[PDB]
């Protein structure tokens, strides 16, 4: 038995770690420039701004910050994905809850994430985590973040979790709270909902992919919005044949 190909890729391969180091190298270069020349706009969309016409929360004079998704963006949930590969019960919500409470010693940093977070703090940039881990598991999540070498997160100040408001897995509310306190100059994530809820809750697989190429959205990638790979679970693992293989690009062997 080999693990699922996506987990071989993400957790086993040098290809995936090189991909992750690349994201954080670009992020650190971007943050350094914005520390020297403060932008007018932050990288967090204004409330009511749609994907057909993106607009952003002003940077103002607010203290500089970077916002990170947690799972598979700064921290690899190796123990849980081991359980999923061994048992085939990755979709078990009670197992994931147990993992939030007890997985502390089975996480690793995403390659380059521990180094990136130290550099941001040396630069005077506040590191803020916005994750859909549950509020009631804030203390074990704090411990897992620290165990992954990512420093000290504080619930309600530099850590925001699902349940901190009544929006569920929608992260726009927490993003608005963060953007009201900080000038967020970089934001990292492995899922499109780590940048805007507008990618989810409706849009199809093909619509979401097209939305990443809307010009005002496309300009963000590697330039304020920084992406980490996740072919293992979540919103990238959707679609039938007609949405994955467009019908003008099909072919049959002899």
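The term rigid core refers to the maximal set of C-alpha atoms that superpose within 1.5 Å between the two forms. Residue numbers count along the first chain shown, from 1.
Per-stretch RMS Cα distance to the displayed form in 4 other deposited structures of this protein, following rigid core alignment, is highest for 50-58 when 25-33 and 50-58 are compared. Residue-level annotation: residue 90 lacks coordinates in a third or more of the other entries compared, counting only those that model residues on either side of it. Of the two segments examined, 7-15 and 237-245, it is 237-245 that shows the higher average Cα temperature factor in the deposited entry.
A summary of the deposited B-factors shows that, of 71-79 and 119-127, the stretch with the larger mean C-alpha value is 119-127.
The PDB entry assigns its highest CA temperature factor, among 192, 207, 186, 40, to 40. Among 57, 66, 27, 227, the highest C-alpha B-factor recorded in the PDB entry belongs to 57. When the modelled residues of the chain are ordered by their C-alpha B factor, residue 108 lands in the middle third. Ranked by Cα temperature factor within the chain, residue 171 sits in the lowest third according to the deposited record.
Among all modelled residues in its chain, residue 180 ranks in the highest third by Cα B-factor. Annotation for residue 165: CA B-factor lies in the middle third of the chain's modelled residues. Sorting the modelled residues of the chain by their CA temperature factor places residue 100 in the lowest third.
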